[PDB]
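Just one chain is shown here, as structure tokens, and it is the form deposited in one PDB entry.
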């Protein structure tokens, strides 16, 4: 298409890394015109409960916004060293299992899909195709119907309570105290994958914010207007980065035109080199990651991005209509 968004989506899909092509992409980790401050409520989440999600204390968090996009909040990586591996491990291993609908279910059964993890262990032994490599989305909580474009009181699997915990802290720190993680879409990217221009319009309550977690390889994110004519702003999303779309930003058109290969070759971003600590807190929502688990996760994220996206579908007591 020739309308501003599709033009730019096209440009960044076909962008060449390590050239002048990415000059206009904002990097929140490292421009100065558009990027602005954003206060987080620091006393909201305790130093102990941030510890339980694998997060730094909220006091340590950098948090930015954008000129022209009120309500858009961008953390950088808050996560403690190593703790990104638990969340990446859940998204591949636990969350994709059934119950809890993945994209492989349209043309396979519970027979074929049930040993996605064990198969990908077997790909470790075969040094020098797979189910994990075909996985593109998983839903949790209220399952989004891609065809109907609706949620339903019928189609739901209890939200993962550890992910619901991480969600609540991130929500509260951004000034969203009574946030209920009711619905989850997870997205899995190869280096050639893209997510098309869309608006996350089919939750019923548009007060409540949209949480967008990111892990592994970097991606470009286009955030645009209320209609697709308007040209978007490009920004990088790095491993561990978090994105709230709240207020005016909630119902904005956005996309991911590109996932990017590591600049220094193949291999992981530097932040993911640190492993999970052996000593984990007594009361934690994070669970020890085995040696084999880390190895599958590690080899996958060398050429993949995983995104988690946590939403509230119904107002605090808007029983399903």
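Basically, rigid core = biggest C-alpha set you can superpose within 1.5 Å across the two forms. Positions refer to the first chain, counted from 1.
Student: Might you work out how many residues are unmodelled in the deposited sequence between residue 128 and residue 129, and answer none, 1 to 3, 4 to 9, or 10 or more?
Tutor: According to the record, 4 to 9 deposited residues lack coordinates from residue 128 to residue 129.
Student: Are any deposited residues left out of the model between residue 279 and residue 280, and how many (none, 1 to 3, 4 to 9, 10 or more)?
Tutor: According to the record, the chain runs unbroken from residue 279 to residue 280.
Student: Take the C-alpha B-factors listed in the entry for 10-18 and for 307-315, compute each mean, and give the stretch with the larger one.
Tutor: Higher of the two, by average CA B-factor, is 10-18.
Student: Could you check which stretch, 134-142 or 151-159, carries the larger mean CA temperature factor in the entry?
Tutor: Between 151-159 and 134-142, it is 151-159 that shows the higher mean C-alpha B-factor.
Student: For the listed 60, 52, 67, 258, which has the peak Cα B-factor recorded in the PDB entry?
Tutor: By C-alpha B-factor in the record, 52 ranks first.
Student: Tell me which of 38, 253, 284, 56 tops the list for C-alpha B factor in the record.
Tutor: Answer, based on the entry's C-alpha B-factors: 284.
Student: Which third of the chain holds residue 201 when residues are ordered by C-alpha B factor: lowest, middle or highest?
Tutor: Bottom third by C-alpha B-factor.
Student: Ranked by Cα temperature factor within the chain, is residue 274 in the lowest third, the middle third or the highest third?
Tutor: For residue 274, whose C-alpha B-factor we compare with every modelled residue in the chain, the answer is the middle third.
Student: Which third of the chain does residue 30 land in by C-alpha B-factor: lowest, middle or highest?
Tutor: Answer is middle: the recorded C-alpha B-factor places it there.
Student: Is the Cα B-factor recorded for residue 247 in the lowest, middle or highest third of its chain?
Tutor: Its C-alpha B-factor, which the entry lists for residue 247, ranks in the lowest third among residues of this chain.
Student: Residue 182: which third of its chain by C-alpha temperature factor?
Tutor: Middle third - that is where residue 182 ends up once the chain's C-alpha B-factors are sorted.
Although it is not shown, the form deposited in another entry is what the next lines describe.
Student: Any CA movement of 2 Å or more for residue 201 between this form and the one not shown, core superposed?
Tutor: Yes, residue 201 moves 2 Å or more.
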